[PDB]
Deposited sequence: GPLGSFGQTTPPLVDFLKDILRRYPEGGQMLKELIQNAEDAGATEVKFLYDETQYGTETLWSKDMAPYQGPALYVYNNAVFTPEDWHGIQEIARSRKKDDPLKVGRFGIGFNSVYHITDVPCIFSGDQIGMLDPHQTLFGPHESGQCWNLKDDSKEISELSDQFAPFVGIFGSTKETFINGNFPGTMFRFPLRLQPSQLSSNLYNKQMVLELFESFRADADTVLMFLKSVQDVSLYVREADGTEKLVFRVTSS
């Protein structure tokens, strides 16, 4: 809820994601999964950035969006989502009859991001989507919501605070939204502030840095196993806007 996080029924989708979080219990595995996904997409670089920026809460989709306006782990890669990537990532789980839920078309690995966030966001090409497996934020039957930068330009304009986190990073600017296209893929994972039904993990700077540290430890081994991704970098943006490179690793 956080008031919904105890003494209620768990919806099936949340229960399925809880199963995945048990099977993939480490933070360090989430970073590898996102790198593998970039490899599959044929990206050549991946960047991770912990951003302490707190955004405004005045022009949001709803008042319930306020908890997702604060510090976030972002991920960048230089590939662009296909229509099949978008259809897949929105399929958090499959019910192929009315069976247990199964992994959807985008694979198991993305779901590790629920360790850190309840509302992962994706911005690639002409589209932004937010996923909501708890099904509270958009509709009782909706597990996500997308906006097209062309078709929904006016809505995106009205919701200035909602979309502010998607400009000013990885080369995104106001011109990106005028033009209608971000030539890459950006993920934003707002860090959880209070427990949800999905997890009680509340990450802070220290804990994210400890993740960055464990990646550093295995970085050369990770790159040995990739053929498309040849550069991985980690950054921090501090709350006053100061930006620092933490680590870079390259491969041949």
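Asker: Let me make sure I understand the coverage. Which parts of the deposited sequence, in order from the N-terminal end, have no C-alpha coordinates here?
Answerer: One region goes unmodelled: 99.
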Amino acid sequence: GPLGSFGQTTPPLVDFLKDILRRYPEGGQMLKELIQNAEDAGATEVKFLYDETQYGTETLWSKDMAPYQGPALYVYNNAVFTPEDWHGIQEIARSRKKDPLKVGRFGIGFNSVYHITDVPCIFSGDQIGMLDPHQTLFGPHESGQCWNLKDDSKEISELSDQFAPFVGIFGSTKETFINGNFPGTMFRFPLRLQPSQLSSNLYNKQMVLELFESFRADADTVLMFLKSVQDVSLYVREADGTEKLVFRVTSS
From here on, numbers count along this sequence of modelled residues.
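Asker: When the Cα temperature factors in the entry are averaged, is it 40-48 or 66-74 that ends up higher?
Answerer: Looking at the record's C-alpha B-factors, the answer is 40-48.
Asker: With respect to the recorded C-alpha B factors, which stretch has the higher mean value, 113-121 or 178-186?
Answerer: So the stretch with the higher mean C-alpha B-factor is 178-186.
Asker: Quick one: which of 209, 191, 34, 60 has the biggest Cα B-factor according to the entry?
Answerer: If I rank 209, 191, 34, 60 by C-alpha B-factor, first place goes to 209.
Asker: Quiz for you: based on the deposited Cα B-factor, which of 102, 150, 105, 134 is highest?
Answerer: Spelled out: the listed residue with the top C-alpha B-factor is 150.
Asker: Using the B-factor values recorded in the entry, state whether the Cα atom of residue 90 falls in the lowest, middle or highest third among the modelled residues of its chain.
Answerer: Tercile = middle for this residue's CA B-factor.
Asker: Once the chain's modelled residues are ordered by C-alpha B factor and cut into thirds, is residue 23 in the lowest, middle or highest one?
Answerer: Residue 23: CA B-factor falls in the highest third of its chain.
Asker: Taking only the Cα B-factors deposited for this chain, tell me whether residue 196 sits in the lowest, middle or highest third.
Answerer: Middle third by C-alpha B-factor.
Asker: Ranking the modelled residues of this chain by C-alpha B-factor as given in the entry, is residue 221 in the lowest, middle or highest third?
Answerer: Its C-alpha B-factor, which the entry lists for residue 221, ranks in the highest third among residues of this chain.
Asker: Which third, lowest, middle or highest, does the CA B-factor of residue 214 fall in along this chain?
Answerer: For residue 214, whose C-alpha B-factor we compare with every modelled residue in the chain, the answer is the highest third.
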